[PDB]
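S.K.: Okay, here's the structure, questions in a sec.
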Amino acid sequence: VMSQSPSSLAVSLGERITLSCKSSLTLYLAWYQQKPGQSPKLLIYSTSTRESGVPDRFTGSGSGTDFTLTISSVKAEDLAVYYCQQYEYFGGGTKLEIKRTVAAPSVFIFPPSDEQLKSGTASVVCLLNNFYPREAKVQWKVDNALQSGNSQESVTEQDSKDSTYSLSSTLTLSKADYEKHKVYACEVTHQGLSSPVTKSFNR
Amino acid sequence: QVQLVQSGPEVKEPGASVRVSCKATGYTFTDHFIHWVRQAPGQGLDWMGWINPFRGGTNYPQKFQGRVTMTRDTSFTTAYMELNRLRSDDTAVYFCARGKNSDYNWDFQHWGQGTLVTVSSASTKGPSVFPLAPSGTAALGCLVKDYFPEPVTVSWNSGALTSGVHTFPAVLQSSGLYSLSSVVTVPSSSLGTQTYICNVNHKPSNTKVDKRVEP
């Protein structure tokens, strides 16, 4: 098994970044760069050789079972996942993301539409818009009863412009179960908030 | 140029088989091994084995040995990867790959575009589209609920509204159907006057829906 640490890393444009890969030997190393929806692209092979057209701000090094990929000055087009590879084995990868200032979620709640209720289902959407960093906690409360197991979350990739993330949480009930209660609330916890934010409505 | 072009997306039930094809052009086909690498959703790269098109000889990793079968058709310059007795965590994008040089097999300079294989017993179903109505910036959206398989596409106002749009990755529900939200933030003063319509395409079902989103 090969390993890369850390799994993700917040970087600032222009700074010097070092990505690490740990191998094991019982029988040299390549690096790939992958952006969303594309196939990986070979960057380094033979531990240190640059693939044709790779900028020389990328350097591969390696000693024993320890390999590094250094970017002397990270550029916007370097934001991607990097994988190391040795024969049949791949590291788990390291995603680069842009470090920016903390940004609190802007939180919005959406009751179920009448059109959905008419179909027999009720989904309540809690939208957490344009926050940073990615880590945030959504907690649904129904008539002040904390919920668990009846919601799912989805997060966008970092935005290209403002480097924020957005997150949706969707609480999904039956219509009969939704109609049994009054107060629907989503509570949001995040680093840019001094105390948790709650968005609620009475159906 | 070396070009590897793969077949289109597949949907298979658990226990079935899928066969993915990789057409290789722009070089002497029998001079290089063809590899197969897969990547489950949000996961890393996983090498599945290689074939030597010269006489069809193969090697597979232990994690797949009895389950994957690679073949080639030299006259059609195409490698094939068949994965049998499919399970849900075989859901993944499958790549064929080719090394930089006959010397070193493992420098994967060339990659196919990838083939998405979805393993599920769910049945093809178009989405229902419900409005996320807005309540000096407002949020509105569309809930694209209960569809199979991926993907759907969403635009707003026929592609004219793009700023502030967030279309989320779909979530897999316990039912085996997918569900997705798309939201957009707009000036609240535009709420009464400017119309906001989400356009949802689900081609596997030939579903096209427009939903006007009103206060």
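We label chains A, B, ... in the order they appear in the structure tokens, count residues from 1 in each chain, and number ligands from 1 in the order shown.
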Report as an MDAnalysis selection string the set of chain A residues whose atoms approach chain B to within 8 Å, with distances computed over only C-alpha atoms.
M.R.: chainID A and resid 30 38:42 45 83 86:93 108 110:113 115:116 152:156 166:168
S.K.: Hey, what's within 9 Å of residue 43 (chain A) if we count only C-alpha atoms and toss same-chain stuff fewer than 2 positions away? As a PyMOL selection string, please?
M.R.: (chain A and resi 30-33+41+45+49-54+58) or (chain B and resi 109)
S.K.: Output the selection as a PDB file, in the first residue's frame - N, CA, C and O atoms for each residue.
M.R.:
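New file again_31.pdb:
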ATOM      1  N   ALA A  30       5.667   7.722 -10.129  1.00  0.00           N
ATOM      2  CA  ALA A  30       5.031   8.698 -11.001  1.00  0.00           C
ATOM      3  C   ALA A  30       4.015   9.536 -10.226  1.00  0.00           C
ATOM      4  O   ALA A  30       3.523   9.136  -9.161  1.00  0.00           O
ATOM      5  N   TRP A  31       3.720  10.723 -10.768  1.00  0.00           N
ATOM      6  CA  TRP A  31       2.705  11.629 -10.235  1.00  0.00           C
ATOM      7  C   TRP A  31       1.707  11.998 -11.324  1.00  0.00           C
ATOM      8  O   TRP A  31       2.105  12.267 -12.464  1.00  0.00           O
ATOM      9  N   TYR A  32       0.411  12.014 -10.976  1.00  0.00           N
ATOM     10  CA  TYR A  32      -0.658  12.404 -11.884  1.00  0.00           C
ATOM     11  C   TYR A  32      -1.435  13.571 -11.298  1.00  0.00           C
ATOM     12  O   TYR A  32      -1.579  13.689 -10.079  1.00  0.00           O
ATOM     13  N   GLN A  33      -1.959  14.413 -12.187  1.00  0.00           N
ATOM     14  CA  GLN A  33      -2.828  15.525 -11.818  1.00  0.00           C
ATOM     15  C   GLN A  33      -4.201  15.302 -12.446  1.00  0.00           C
ATOM     16  O   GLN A  33      -4.297  15.028 -13.651  1.00  0.00           O
ATOM     17  N   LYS A  41      -3.725  13.215 -15.654  1.00  0.00           N
ATOM     18  CA  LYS A  41      -2.698  13.652 -16.577  1.00  0.00           C
ATOM     19  C   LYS A  41      -1.354  13.345 -15.939  1.00  0.00           C
ATOM     20  O   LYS A  41      -1.113  13.731 -14.790  1.00  0.00           O
ATOM     21  N   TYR A  45       7.380  11.247 -13.967  1.00  0.00           N
ATOM     22  CA  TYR A  45       7.655   9.813 -13.947  1.00  0.00           C
ATOM     23  C   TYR A  45       9.125   9.609 -13.612  1.00  0.00           C
ATOM     24  O   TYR A  45       9.915  10.553 -13.604  1.00  0.00           O
ATOM     25  N   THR A  49      11.404  12.876 -13.299  1.00  0.00           N
ATOM     26  CA  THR A  49      11.401  13.371 -14.669  1.00  0.00           C
ATOM     27  C   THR A  49      10.082  14.075 -14.988  1.00  0.00           C
ATOM     28  O   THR A  49       8.998  13.549 -14.713  1.00  0.00           O
ATOM     29  N   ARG A  50      10.180  15.275 -15.554  1.00  0.00           N
ATOM     30  CA  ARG A  50       8.998  16.046 -15.909  1.00  0.00           C
ATOM     31  C   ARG A  50       8.451  15.590 -17.253  1.00  0.00           C
ATOM     32  O   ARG A  50       9.198  15.421 -18.216  1.00  0.00           O
ATOM     33  N   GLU A  51       7.138  15.414 -17.314  1.00  0.00           N
ATOM     34  CA  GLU A  51       6.480  15.100 -18.567  1.00  0.00           C
ATOM     35  C   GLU A  51       6.480  16.325 -19.484  1.00  0.00           C
ATOM     36  O   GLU A  51       6.369  17.467 -19.025  1.00  0.00           O
ATOM     37  N   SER A  52       6.614  16.076 -20.785  1.00  0.00           N
ATOM     38  CA  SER A  52       6.746  17.143 -21.768  1.00  0.00           C
ATOM     39  C   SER A  52       5.680  18.215 -21.560  1.00  0.00           C
ATOM     40  O   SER A  52       4.477  17.918 -21.488  1.00  0.00           O
ATOM     41  N   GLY A  53       6.130  19.458 -21.422  1.00  0.00           N
ATOM     42  CA  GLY A  53       5.218  20.565 -21.236  1.00  0.00           C
ATOM     43  C   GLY A  53       4.778  20.831 -19.814  1.00  0.00           C
ATOM     44  O   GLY A  53       4.038  21.791 -19.589  1.00  0.00           O
ATOM     45  N   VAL A  54       5.175  20.009 -18.855  1.00  0.00           N
ATOM     46  CA  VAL A  54       4.909  20.345 -17.450  1.00  0.00           C
ATOM     47  C   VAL A  54       5.817  21.498 -17.038  1.00  0.00           C
ATOM     48  O   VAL A  54       7.030  21.456 -17.321  1.00  0.00           O
ATOM     49  N   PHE A  58       7.108  22.421 -11.042  1.00  0.00           N
ATOM     50  CA  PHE A  58       6.860  21.091 -10.501  1.00  0.00           C
ATOM     51  C   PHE A  58       8.162  20.308 -10.446  1.00  0.00           C
ATOM     52  O   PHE A  58       8.823  20.116 -11.476  1.00  0.00           O
TER      53      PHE A  58
ATOM     54  N   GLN B 109       0.804   7.822 -19.698  1.00  0.00           N
ATOM     55  CA  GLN B 109       0.721   9.119 -20.360  1.00  0.00           C
ATOM     56  C   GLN B 109      -0.614   9.300 -21.070  1.00  0.00           C
ATOM     57  O   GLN B 109      -1.095  10.430 -21.205  1.00  0.00           O
TER      58      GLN B 109
END
S.K.: Using DSSP on the backbone coordinates, identify the residues of region 50-158 of chain A assigned to strand (DSSP E or B); present them as a VMD selection string.
M.R.: chain A and resid 50 58 to 63 66 to 71 81 to 86 89 to 90 94 to 98 103 106 to 110 121 to 132 136 to 142 145 to 146 151 to 155
S.K.: Tell me which of B:25, B:65, B:39, B:201 sits closest to residue 127 (chain B), counting only C-alpha atoms.
M.R.: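 Closest to residue 127 (chain B) of all the choices is B:201.
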S.K.: Counting only C-alpha atoms, which residues in region 66-112 of chain B sit no more than 6 Å from region 4-17 of chain B? For each one, give the nearest pair of atoms and the distance in Å, sorted by chain then residue number, as a Markdown table.
M.R.:
| residue | atom | partner | partner_atom | distance |
| --- | --- | --- | --- | --- |
| B:83 | CA | B:17 | CA | 5.7 |
| B:84 | CA | B:17 | CA | 4.4 |
| B:85 | CA | B:15 | CA | 4.1 |
| B:86 | CA | B:15 | CA | 4.7 |
| B:87 | CA | B:14 | CA | 5.1 |
| B:112 | CA | B:4 | CA | 4.6 |
S.K.: Give me the residues within 10 Å of residue 148 (chain A) as a PDB file with N, CA, C and O atoms, in the first residue's frame, counting only C-alpha atoms and dropping any in the same chain fewer than 6 places off.
M.R.:
ATOM      1  N   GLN A 139     -28.170  20.673  11.494  1.00  0.00           N
ATOM      2  CA  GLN A 139     -28.973  19.907  12.432  1.00  0.00           C
ATOM      3  C   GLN A 139     -30.429  20.297  12.222  1.00  0.00           C
ATOM      4  O   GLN A 139     -30.781  21.471  12.364  1.00  0.00           O
ATOM      5  N   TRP A 140     -31.261  19.323  11.862  1.00  0.00           N
ATOM      6  CA  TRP A 140     -32.681  19.560  11.678  1.00  0.00           C
ATOM      7  C   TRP A 140     -33.418  19.367  12.993  1.00  0.00           C
ATOM      8  O   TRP A 140     -33.146  18.424  13.738  1.00  0.00           O
ATOM      9  N   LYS A 141     -34.353  20.269  13.271  1.00  0.00           N
ATOM     10  CA  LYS A 141     -35.232  20.160  14.429  1.00  0.00           C
ATOM     11  C   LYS A 141     -36.671  20.283  13.948  1.00  0.00           C
ATOM     12  O   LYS A 141     -36.986  21.154  13.129  1.00  0.00           O
ATOM     13  N   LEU A 171     -34.407  17.471   4.229  1.00  0.00           N
ATOM     14  CA  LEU A 171     -35.121  16.612   5.165  1.00  0.00           C
ATOM     15  C   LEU A 171     -36.329  16.054   4.430  1.00  0.00           C
ATOM     16  O   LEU A 171     -37.094  16.806   3.816  1.00  0.00           O
TER      17      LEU A 171
END
S.K.: Contacts of residue 133 (chain A) at 12 Å or less, counting only C-alpha atoms, minus same-chain residues fewer than 5 places along, as a list in words?
M.R.: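 Returned residues: residues 9, 10, 97, 98, 99, 100, 101, 102, 103, 104, 105, 155, 157, 158, 159, 162, 163, 164, 165, 166, 167, 189, 190, 191, 192 and 193 of chain A.
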S.K.: Could those residues be written to a file, using N, CA and C atoms, as a compact mmCIF listing (two decimals), in the first residue's frame?
M.R.:
# COMPACT_ATOMS: atom_id res chain seq x y z
N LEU A 9 -5.44 19.95 1.10
CA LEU A 9 -4.55 20.99 1.60
C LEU A 9 -4.99 22.33 1.04
N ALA A 10 -5.25 23.29 1.93
CA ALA A 10 -5.61 24.62 1.48
C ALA A 10 -4.33 25.39 1.19
N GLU A 97 -6.84 22.97 -2.55
CA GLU A 97 -7.94 23.92 -2.59
C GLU A 97 -7.41 25.28 -2.18
N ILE A 98 -8.15 26.32 -2.54
CA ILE A 98 -7.70 27.69 -2.28
C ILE A 98 -8.03 28.05 -0.84
N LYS A 99 -7.02 28.50 -0.10
CA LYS A 99 -7.25 29.10 1.21
C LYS A 99 -7.71 30.55 1.04
N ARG A 100 -8.82 30.90 1.68
CA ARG A 100 -9.34 32.26 1.70
C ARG A 100 -9.80 32.56 3.11
N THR A 101 -10.27 33.79 3.32
CA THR A 101 -10.79 34.16 4.63
C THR A 101 -12.06 33.39 4.95
N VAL A 102 -12.32 33.27 6.25
CA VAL A 102 -13.53 32.63 6.72
C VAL A 102 -14.75 33.37 6.19
N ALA A 103 -15.77 32.62 5.80
CA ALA A 103 -17.02 33.19 5.30
C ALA A 103 -18.16 32.37 5.88
N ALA A 104 -19.07 33.04 6.58
CA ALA A 104 -20.19 32.34 7.18
C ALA A 104 -21.17 31.90 6.09
N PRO A 105 -21.87 30.78 6.30
CA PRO A 105 -22.96 30.42 5.38
C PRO A 105 -24.04 31.47 5.40
N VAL A 155 -22.57 18.80 -1.06
CA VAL A 155 -21.72 19.98 -1.05
C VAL A 155 -21.13 20.20 -2.44
N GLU A 157 -18.26 21.65 -5.14
CA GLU A 157 -16.84 21.90 -5.18
C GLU A 157 -16.57 23.39 -4.97
N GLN A 158 -15.34 23.70 -4.57
CA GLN A 158 -15.00 25.09 -4.32
C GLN A 158 -15.31 25.95 -5.55
N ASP A 159 -15.95 27.09 -5.32
CA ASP A 159 -16.27 28.00 -6.41
C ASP A 159 -15.01 28.60 -7.04
N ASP A 162 -15.09 33.02 -5.96
CA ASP A 162 -14.96 33.45 -4.57
C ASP A 162 -14.38 32.36 -3.66
N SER A 163 -14.06 31.18 -4.21
CA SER A 163 -13.42 30.10 -3.45
C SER A 163 -14.27 29.64 -2.27
N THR A 164 -15.59 29.78 -2.36
CA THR A 164 -16.45 29.31 -1.28
C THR A 164 -17.05 27.96 -1.64
N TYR A 165 -17.70 27.36 -0.66
CA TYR A 165 -18.51 26.17 -0.86
C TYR A 165 -19.97 26.48 -0.58
N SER A 166 -20.83 25.64 -1.11
CA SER A 166 -22.24 25.70 -0.78
C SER A 166 -22.69 24.29 -0.46
N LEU A 167 -23.68 24.20 0.42
CA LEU A 167 -24.16 22.92 0.92
C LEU A 167 -25.67 22.94 0.95
N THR A 189 -24.08 25.10 12.19
CA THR A 189 -22.86 25.39 12.94
C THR A 189 -21.69 25.51 11.98
N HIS A 190 -20.88 26.54 12.18
CA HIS A 190 -19.76 26.81 11.29
C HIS A 190 -18.78 27.76 11.96
N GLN A 191 -17.52 27.63 11.54
CA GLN A 191 -16.41 28.39 12.09
C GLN A 191 -16.61 29.90 11.97
N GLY A 192 -17.25 30.37 10.90
CA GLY A 192 -17.49 31.79 10.78
C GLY A 192 -18.70 32.33 11.52
N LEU A 193 -19.31 31.54 12.38
CA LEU A 193 -20.48 31.95 13.16
C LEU A 193 -20.12 31.88 14.63
S.K.: Suppose you want the space between CA of residue 59 (chain A) and CA of residue 24 (chain A); what is it in Å?
M.R.: 21.2 Å
S.K.: Which one is closest to residue 202 (chain B): B:78, B:153, B:21, B:175? Count only C-alpha atoms.
M.R.: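 Nearest to residue 202 (chain B): B:153.
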S.K.: If you measure from CA of residue 23 (chain B) to CA of residue 81 (chain B), what distance in Å do you get, rounded to one decimal?
M.R.: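 Calculated distance between CA of residue 23 (chain B) and CA of residue 81 (chain B) is 11.6 Å.
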S.K.: From the DSSP assignment of the backbone, select every residue of region 65-200 of chain B that is helix (DSSP H, G or I), and format the answer as a PDB file with C-alpha atoms, in the first residue's frame.
M.R.:
ATOM      1  CA  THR B  74      -6.386  -6.438 -33.052  1.00  0.00           C
ATOM      2  CA  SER B  75      -8.092  -5.893 -36.413  1.00  0.00           C
ATOM      3  CA  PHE B  76     -10.335  -3.246 -34.776  1.00  0.00           C
ATOM      4  CA  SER B  88     -22.989  -1.780  -6.171  1.00  0.00           C
ATOM      5  CA  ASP B  89     -19.493  -0.648  -5.268  1.00  0.00           C
ATOM      6  CA  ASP B  90     -18.442  -1.541  -8.807  1.00  0.00           C
ATOM      7  CA  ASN B 157     -33.788  30.601 -17.978  1.00  0.00           C
ATOM      8  CA  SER B 158     -32.573  28.438 -20.891  1.00  0.00           C
ATOM      9  CA  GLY B 159     -28.919  29.069 -20.092  1.00  0.00           C
ATOM     10  CA  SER B 188     -34.838  40.350  -4.198  1.00  0.00           C
ATOM     11  CA  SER B 189     -36.176  43.379  -6.098  1.00  0.00           C
ATOM     12  CA  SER B 190     -36.331  41.189  -9.217  1.00  0.00           C
TER      13      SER B 190
END
S.K.: Between CA of residue 182 (chain A) and CA of residue 213 (chain B), what is the distance in Å, rounded to a tenth?
M.R.: 24.3 Å
